[PDB]
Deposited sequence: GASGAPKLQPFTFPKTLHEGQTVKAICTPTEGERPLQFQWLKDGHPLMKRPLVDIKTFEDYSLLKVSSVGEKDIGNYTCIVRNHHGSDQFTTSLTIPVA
């Protein structure tokens, strides 16, 4: 008990070029404090991409989404007990 478990999240498939898109990384259980780490295609993460982290959730914001942003994004959440993680694909229709 005490280790984090993340709320499942996937990017919607109806996002369109130029829109702002966000991913939320947040536990459904787990002791605090919590550490949040974001990766894109396996590597750590540009003015148009922002990370805002709070006590028990972290928000990745990709503004004016475009070809430069397509890829797989991972959030790893950690506390003193262990970690959880999810990965979700950001793809957009051909405008």
- Stretches of the deposited sequence lacking C-alpha coordinates, in sequence order, are 1 to 2, 48 to 49
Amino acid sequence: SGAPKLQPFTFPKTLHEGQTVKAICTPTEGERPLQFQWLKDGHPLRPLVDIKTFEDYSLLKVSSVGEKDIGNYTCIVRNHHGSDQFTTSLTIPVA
From here on, numbers count along this sequence of modelled residues.
- Note on the structure: As the entry reports it, the stretch among 47 to 55 and 34 to 42 with higher mean C-alpha B factor is 47 to 55
- On mean C-alpha B-factor from the PDB entry, just flag whether 68 to 76 or 20 to 28 is the higher one. 68 to 76
- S1, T88, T91, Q7, ranked by C-alpha B-factor: the highest one: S1
